[PDB]
């Protein structure tokens, strides 16, 4: 597991200010780094991929720089809509890992998750994600979760074809990812659920087979106990 450290953890600024957020990796990750914005009670959005490339729609006043182990997100001319938590993520190697986040205080694609709810410990649940406004068939997909008060944790991923699946160690043998291209649907079968599996579960499209998470669904809450 590669460890991602963000500084500051918390930050208070005003409209017009320049904000500098640092991201450090425990190993070299080259340029395999993404930045994500999460606004209060909303799903994350892609800002940066490949360390410095702006995602389409993102204002120029966001810029990413660095490579190896040292990465920076600079927000010029801070606007009120920039009030959010900012996460970095390495996708150099599995498991895909996020930083603990930085609180800053002051779509043509649609992904709809469903099947969330309360489950008894040792119980089962199947999450669904209906993708629309894209050729579902031609993209790799992942599940990311967020424990209620905490940061982002990658769960599993599936290839374009569905032939190759990847899992985090905490869910291997319990969770199964699959796709039905005819239903434009991504599935997560969750077995032997534990209290620590409690989280908002997000559906995410990958920008490429080996790329960042470019589109996220609104999420579905799963509680266990």
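Positions refer to the first chain, counted from 1.
Does the deposited sequence hold unmodelled residues between residue 106 and residue 107, and if so, how many: none, 1 to 3, 4 to 9, or 10 or more?
Count of unmodelled residues in between: 10 or more.
Quick check for you: using the entry's CA B-factors within this chain, is residue 31 in the lowest, middle or highest third?
Residue 31: CA B-factor falls in the middle third of its chain.
Name the third of the chain's ranked CA B-factors that contains residue 194, choosing lowest, middle or highest.
Its C-alpha B-factor, which the entry lists for residue 194, ranks in the highest third among residues of this chain.
How does the C-alpha B factor of residue 42 compare with the rest of the chain: lowest, middle or highest third?
Its C-alpha B-factor, which the entry lists for residue 42, ranks in the highest third among residues of this chain.
CA B-factor placement of residue 187, once the chain's modelled residues are sorted into thirds
For residue 187, whose C-alpha B-factor we compare with every modelled residue in the chain, the answer is the lowest third.
Residue 212 by Cα B-factor - lowest, middle or highest third of the modelled chain:
Lowest third.
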